[PDB]
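The chains carry the letters A, B, C, D, E, F, G and H, assigned in the order they are written, with residues numbered from 1 in each.
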Amino acid sequence: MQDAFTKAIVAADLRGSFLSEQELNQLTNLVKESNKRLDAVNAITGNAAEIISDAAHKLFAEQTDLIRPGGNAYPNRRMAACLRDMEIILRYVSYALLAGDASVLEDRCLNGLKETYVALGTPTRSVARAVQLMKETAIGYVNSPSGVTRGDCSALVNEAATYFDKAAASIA
Amino acid sequence: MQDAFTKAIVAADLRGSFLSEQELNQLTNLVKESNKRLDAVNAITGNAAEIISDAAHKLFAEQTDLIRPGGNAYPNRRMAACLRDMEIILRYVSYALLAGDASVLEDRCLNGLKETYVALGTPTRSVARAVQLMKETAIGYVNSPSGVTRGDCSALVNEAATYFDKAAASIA
Amino acid sequence: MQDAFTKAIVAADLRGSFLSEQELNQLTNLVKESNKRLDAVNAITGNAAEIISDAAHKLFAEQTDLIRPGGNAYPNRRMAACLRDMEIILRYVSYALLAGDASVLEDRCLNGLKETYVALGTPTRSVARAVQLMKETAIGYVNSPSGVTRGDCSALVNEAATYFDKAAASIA
Amino acid sequence: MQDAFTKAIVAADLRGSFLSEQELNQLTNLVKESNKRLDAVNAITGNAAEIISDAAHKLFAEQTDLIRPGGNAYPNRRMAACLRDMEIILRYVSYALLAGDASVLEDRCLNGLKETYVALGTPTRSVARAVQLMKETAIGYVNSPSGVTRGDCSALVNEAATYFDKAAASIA
Amino acid sequence: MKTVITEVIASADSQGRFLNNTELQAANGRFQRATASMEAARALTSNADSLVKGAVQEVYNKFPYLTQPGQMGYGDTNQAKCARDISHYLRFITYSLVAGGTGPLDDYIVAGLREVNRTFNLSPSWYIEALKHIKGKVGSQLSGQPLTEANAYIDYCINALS
Amino acid sequence: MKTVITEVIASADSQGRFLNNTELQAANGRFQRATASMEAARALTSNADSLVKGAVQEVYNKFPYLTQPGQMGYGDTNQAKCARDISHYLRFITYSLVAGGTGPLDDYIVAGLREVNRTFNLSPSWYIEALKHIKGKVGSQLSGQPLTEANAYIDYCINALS
Amino acid sequence: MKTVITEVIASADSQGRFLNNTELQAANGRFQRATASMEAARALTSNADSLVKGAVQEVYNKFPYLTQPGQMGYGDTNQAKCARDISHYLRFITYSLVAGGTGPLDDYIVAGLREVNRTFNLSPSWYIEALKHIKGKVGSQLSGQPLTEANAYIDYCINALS
Amino acid sequence: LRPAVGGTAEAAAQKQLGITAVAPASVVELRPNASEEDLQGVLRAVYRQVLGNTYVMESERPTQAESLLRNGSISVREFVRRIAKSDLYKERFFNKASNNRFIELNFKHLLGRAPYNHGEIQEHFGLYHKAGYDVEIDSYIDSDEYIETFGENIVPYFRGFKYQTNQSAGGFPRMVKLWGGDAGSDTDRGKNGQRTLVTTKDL
């Protein structure tokens, strides 16, 4: 697997060089902000069930068709599969946020997802809407954790946003 | 798997409606003719070895090439495989006749059969000819069962014919 | 798998005939030269580690790129896999030389190799260079064995050459 | 697996000694009689189906109870398993006769056989009688091969006899 | 196809090892036997027409009913199929002699034999009677190690039918 | 590459579970050690040319014969390859320090090491002697937790060679 | 162990078959080779004391450092262990000649060789130098097919060490 | 007497497909009182089948597990389950791949066949999400298919390329997409990485 540190090493190795001072500086900054990062990962994990639930409620209010007969969420079996998928995507985004790299999201979750959905007849645009709904909920938790030291988390929120956005773009 | 009853339910489910009285009536007619259907399935099973043998004799008389050296039914290993295949196809036709629906034949036997044969280099048209020869033998047994109450079985015979015909068309 | 004798009978079978006196004579000639063939196979087996080592040294001297960072033989993991491949090819050439037929090499060793290499990004022309270097070393051992009775081994050397050449042609 | 040569080596190894001239002499004698040994192994293999059949006929005449209902050979399934067992024992005795050592017979066939038979409820003494009947048939074939050069085979016959006897004693 | 040479190669490949003296010694045994095996093969090939005729007739003498009408022996097509089948047997025996293994016989005859014979209602006993006739005539034609080689491949077939 | 962070994520993924406090505690341990690990990595990088040259000379002192003609140490290409190899070792040690795992060393050096060394007849003892030289010099350069980190990655290599 | 006889039996057993002519031909190859193999084995046994003494001295000549103090060649215990090891190699070579396979060499020497040599810091090159010395002296003692047999088993060891 | 015009030899199809070594795959059984030579054969077979002809360096060999197999403390079946749960397996076949690709890899490695329908995918994806990786791997090893074919002493071998009793017709073409050749492998170490050979569209 890859993480931010591992990615830098791999690059330096291809050059056949010791890590450069500039590269070191970037890594040191990641270590310096690691506490904030850990808090953000905690916020998603601690609210994971609520994030998925809140998203699901909003999705099915927006798109009544999925839950009607003939919809892709329509028997209980399919509804269960839809909820399963949302949880899996959230898991991988949270993993990526700890790693600082989107590879884990790409390598397991994202690879072949759109193809699978098209074969099944799952509507990819709706799946993407679900990922956006999860994003709004999740980012809110990260942005307002309780009893955490007041501080600017904007860079971490932006990074989280990109991971959600990657997932959405792949799926759709 | 699918059967005639199961197929009707699936259709009504997509409409999200209770089965209609007309649809119910069709199902009742299938139940009314079920004894004849059972007798037909019995005729194939009871004469299965004879059906295959009689087909095989006719096939090898028609196509001497298969049994000559270099032929696809030469030598014993290949001949054995050919006879096995005929028995498998007959089995699935009999399954479909009990079900009243061709899906079991299509999903498990027919899908990818042509591809298999092409990869192997087996001549598909000869395979199809074998299925037609089996059909003539089988239909004879269905048409003249021993000790059965005299009646018109023609609709059931036609249904059997279609299943054989589907198999032949897929393979060729 | 196949050997020279097995190949001849399979051909005769397709003609549907008893082996011809001419075919018999060719086989008898193979039996007459069998001692020399056994000596040749011995030479490769006895010097197998030397053949691979000598080739490896020459390859890496010719192509510095492979051993540099970014090369396909860097790092140790890749170098190990490269040496494994050289040993496999030599093993199968020796098998083919005992059989008197190239099928063993073609059916097992050569089958899928080019596709594997393309996926990996291994440079096929370098692999081919490696096989040529092995060939020169191996042939030298066959041509100059200790304690073997002097005679003409030219036909066996030429046959060995072809097996190496087949491997090289397949790879690139 | 073990053979007569391998057995002698293992003994000498425990002494940590080069094989003694006496040990060498014994081995040389085995090589000297090897053609006769090969003839004997051929006689059993060539008549294997007859050996089992002739034994089976004698066994079931001797013990009518086995074939009656409630007997251990009494449904077809059991009778088939009985004939399978006789074939396995003969196979392993023939292996042992080529090896010149009973190890293969003991290690693969005989170990646990009596325990298995007792659990099954198979009568061990009848199994032993079957092995003795096979022995008499087999020895006859070895003693009277067709087109073999006339010579004394007595030592080989006695060796075969011991392997049969070992099998019988283990089973019982 | 099982031959001495393919079998040693297969063993080496399973262990992932180069052929060693163990394998080469076995190989030498195949090449030494080849002279006897070739002599057998040539004799069977020379008398193959006559061997088949006598074999087919022997079956009819052993099982007289077959020749009578409504029976498998009756009719030209049936008798022609008999001669074809016995010829196949002889052909694969000579192939096995030359190949230095039972592999030709195993792939062409033995595999699938039981299922085919059941479906076409061909008795193993007819073939066994023909093979035994051949074995007697071959015994007149060949002697010593050629004879031993011939007998082994005929006996292999007889056991497979049995 | 194995790092603390990749290992915790991998475990969670295998269970199919969101990361829990158990994983996050482990992650915190990696990020705290990072300051000492970075200090080590910077020092090894700064002295890398001198470390390598001394390391190579130590091998030549410990095994004088290598430098003599007909021996692996003799000749410019051979000597150059030595310096290249020791430099690789230092590079992968500093990578491991920064990564927070032995994974960089494991994937680049340790896998295949034994097979490569056998084929090229490179003695593990030469490398081990060089690494031990480095360890002594590093000990002068670093102290406390930086030193502990450095010593652990050098020791990992030494044990893998051993 | 691996011998021609055990290998043919193993193959037959795997397929669940009686031994056929294919196997027996292979077996005959082993029994014919036996005369040459026995002659080799007797000659190696007769000169085994001298072969080992010369082999050990050759190692000391090829690597003069070993004899110097603080080195593996130095001291009676070390020198005695050398002579023991080379003697073992000869013993297992003669066993392999008599067995008709490399199996004795494989089970006694080759299995576990690499791990043992690593732990005890025993160089494969010392053994290889001794074996090559023996191979030269054997060449003087034996000729023709005996010599061929001897050379193959010595070469097997050399390749396993390599 | 005259030959068939087309006139292929028996084995021609196998030759043409390159399945000639696996169509009737050799079966390796660990036997009681097995020699050291015999045990090594079994281990080779296991690594080839279970790890998809990917190379295993000497550092990666399990060693302690093999200690048990040599002892008889575990069977071949248990050994296979340890390898499949190991990080050797997980790294190659699981961490880089998607579930869809992982499931079909497991069928090929452990059962020796292709997935017969999208229901097999649905079942095994469902198990993983409820019970994680180890329960999943257990399913294949603890399945009637496994137990009847291989049982306890037989190393898994390739069953596809021959007709199996409950096989669907799609089963043989799917095995052809999974088999790269003798020199093929299922390797993570490629340009494209681990991708799905057998799509949902196929199933």
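Assume a residue touches a chain if its C-beta (ideal position, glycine included) is under 8 Å from a C-beta of that chain, and two chains touch if they have at least 3 such contacts.
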| item | value |
| --- | --- |
| Selected pair, greater C-beta contact count between F-H and D-G | D-G |
| Repeat of interface C-F, chosen from C-G, B-E or A-F - more than half of residue-number contact pairs shared | B-E |
| Taking each chain's C-alpha mean as its centre, the one farthest from chain G | B |
| Distance between the centres, which are taken as Cα means, of chain D and chain A, whole angstrom | 70 |
| Cα-centroid distance, chain F relative to chain G, in whole angstrom | 39 |
| Whole-Å gap between the CA centroids of chain A and chain C | 52 |
| Touching two or more other chains - residue numbers and ranges from chain B | 68-70, 75, 77-78, 84 |
| Shared-contact residues (touching 2 or more other chains) in chain E | 3, 8, 16, 20-21, 27-28, 100, 103, 107-108, 152, 156 |
| Interface hub residues of chain H, defined as touching at least two other chains | 2-3, 7-10, 26, 28, 35, 37-38, 57, 95, 129 |
| Contact pairs between chains, per stated definition | A-B, A-C, A-F, A-H, B-C, B-E, B-H, C-E, C-F, C-G, C-H, D-E, D-G, D-H, E-G, E-H, F-G, F-H, G-H |
| Chain H partner contacts - residues on chain A that touch it in the complex | 1, 84, 88, 107-109, 111-113, 115-116, 118-120 |
| Residues of chain H defined as touching chain A within the complex | 95-101, 129, 193-196, 199-201 |
| Touch list for chain F against partner chain G, complex | 64-65, 114, 118, 121, 123-125, 162 |
| List of chain G residues in touch with chain C within their complex | 139, 143-144, 147-148, 151-152, 155, 158-159, 162 |
| Complex interface listing, chain C residues touching chain G | 42, 45-50, 53, 146-148 |
